[PDB]
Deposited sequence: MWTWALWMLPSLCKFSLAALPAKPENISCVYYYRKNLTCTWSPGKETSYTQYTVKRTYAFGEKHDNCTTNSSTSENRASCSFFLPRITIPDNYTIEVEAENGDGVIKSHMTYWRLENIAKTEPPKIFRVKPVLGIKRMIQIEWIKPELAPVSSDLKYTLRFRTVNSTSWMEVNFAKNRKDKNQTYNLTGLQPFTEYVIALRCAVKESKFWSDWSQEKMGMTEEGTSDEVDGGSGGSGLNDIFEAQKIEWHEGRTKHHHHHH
């Protein structure tokens, strides 16, 4: 018999694909994998297949979000068939977006020891979701990053952030990443951008 598929892992690249990978085990003779997906809260059924980690992908329009969906991987070789343990997924929890893009990194006039970052959202992102963010920043010379986190409401159109607690007349390198609030999968960091605080502390 083939090994029992295990270590099933799925990622939803938002409006691109849903990929599930798994540990196939020792592949001793030609094995076919079939990933059986139940979705739309138990009401719809898709499959994808592959052969001799392993990987398999689903696409719009057979994805809905939000969703609770199940995955089981069947392996079949000459000797016979075997199914993995069932796995249970919340799609929003595994949704990954492209990074944001910062276009402006400069302070507001008169206000010391602070920089303001403005960015656009990734072009593809679920409008019916809150976004969380992590902004990493280091000075020109700095080796280690510092990070701060913040959340933005789905309805909040203001895509700025006031970064306080900084040093005067120092230049900071900055990068930004986002994800839906409920997701474990952060975007890749944005491209780095630079800016400088104003002099003084008044």
**Study point:** Ranges of the deposited sequence (numbered from 1) for which no C-alpha atom is modelled
**Key:** 1-19, 72-76, 227-261
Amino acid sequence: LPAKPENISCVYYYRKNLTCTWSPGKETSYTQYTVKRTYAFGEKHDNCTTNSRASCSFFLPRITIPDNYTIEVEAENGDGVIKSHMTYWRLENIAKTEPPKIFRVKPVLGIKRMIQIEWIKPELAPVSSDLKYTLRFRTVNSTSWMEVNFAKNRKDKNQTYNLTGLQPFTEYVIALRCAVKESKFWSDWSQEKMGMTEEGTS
From here on, numbers count along this sequence of modelled residues.
Review point. Do the C-alpha atoms of 87-95 or of 101-109 have the higher average B factor in the entry?
Key: 101-109
Review point. Going by the B-factors listed in the PDB entry, is the mean over the C-alpha atoms higher for 188-196 or for 9-17?
Key: 188-196
Check your understanding: Checking the entry, which one of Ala125, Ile120, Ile117, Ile71 has the top C-alpha B factor?
Key -> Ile117
Point to revise | Identity of residue with top Cα B-factor, from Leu166, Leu60, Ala40, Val35 | key: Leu166
Practice item. Place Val140 in the lowest, middle or highest third of its chain's C-alpha B-factors, as listed in the PDB entry. Key: highest
**Study point:** Chain thirds of CA B-factor: placement of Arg53
**Key:** highest
Check your understanding: Comparing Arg177 with the other modelled residues of its chain, is its CA B-factor in the lowest, middle or highest third?
Key -> middle
Exercise for review: Would you mind checking where the Cα B-factor of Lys157 ranks among the modelled residues of its chain, as the lowest, middle or highest third?
Suggested key: highest
Point to revise | Third of the chain's Cα B-factor distribution that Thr64 belongs to, per the entry | key: lowest
